[PDB]
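A lone chain, given as structure tokens: the form deposited in one PDB entry.
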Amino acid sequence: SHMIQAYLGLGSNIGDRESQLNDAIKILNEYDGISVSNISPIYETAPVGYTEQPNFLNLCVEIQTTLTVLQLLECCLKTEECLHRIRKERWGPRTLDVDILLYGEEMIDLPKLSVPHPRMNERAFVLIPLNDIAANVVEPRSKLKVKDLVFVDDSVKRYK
């Protein structure tokens, strides 16, 4: 029951993107061991990786959690599988990504999981919305607080 403060990164680029983010937050907070305590603004971001796909909506969430980072990962995975289910086949699959960004001030390096991801520092679609809710949290790989990692990126803009 020692509570860890974690940050998650959420994204959806196809379907009702905002409603997808919204549901993921709700589902995560429904776990006995997770309490959603803050949410960033939503940002519309240009796709990173494949450039030929729709824009994402991204946000980040602060949680107070008594789960271990792997149990938290489980909750993330279950939430993805759940909001991926088709609504109507002809509409196609729905989308949602939920990543653990920060878990207390710990560096976690397991074969199935790295928290923070070592390349998270590259991602404005993460850092910008992260900075709205975790500006003063130290990202342990770099040793920089999130407010000092965040950089200018015009491909990321507030959505509402």
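Note that residue numbering begins at 1 and tracks the sequence as displayed. Between two forms, the rigid core is the largest collection of C-alphas that superpose within 1.5 Å.
Note that the form deposited in another entry isn't included here; everything after this is about it.
After superposition on the rigid core, the Cα of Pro54 moves by less than 2 Å between this form and the one not shown. Once the rigid core is overlaid between this form and the one not shown, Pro41 does not reach a Cα shift of 2 Å, moving by less than that.
Once both forms are fitted on their rigid core, the CA atom of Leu77 lies less than 2 Å apart between this form and the one not shown. If you compare C-alpha positions, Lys26 and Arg87 are 3 angstroms or more farther apart in the other entry than in the form on display. Relative to this conformation, an increase of 3 Å or more in the Cα-Cα distance between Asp16 and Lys88 is found in the other entry.
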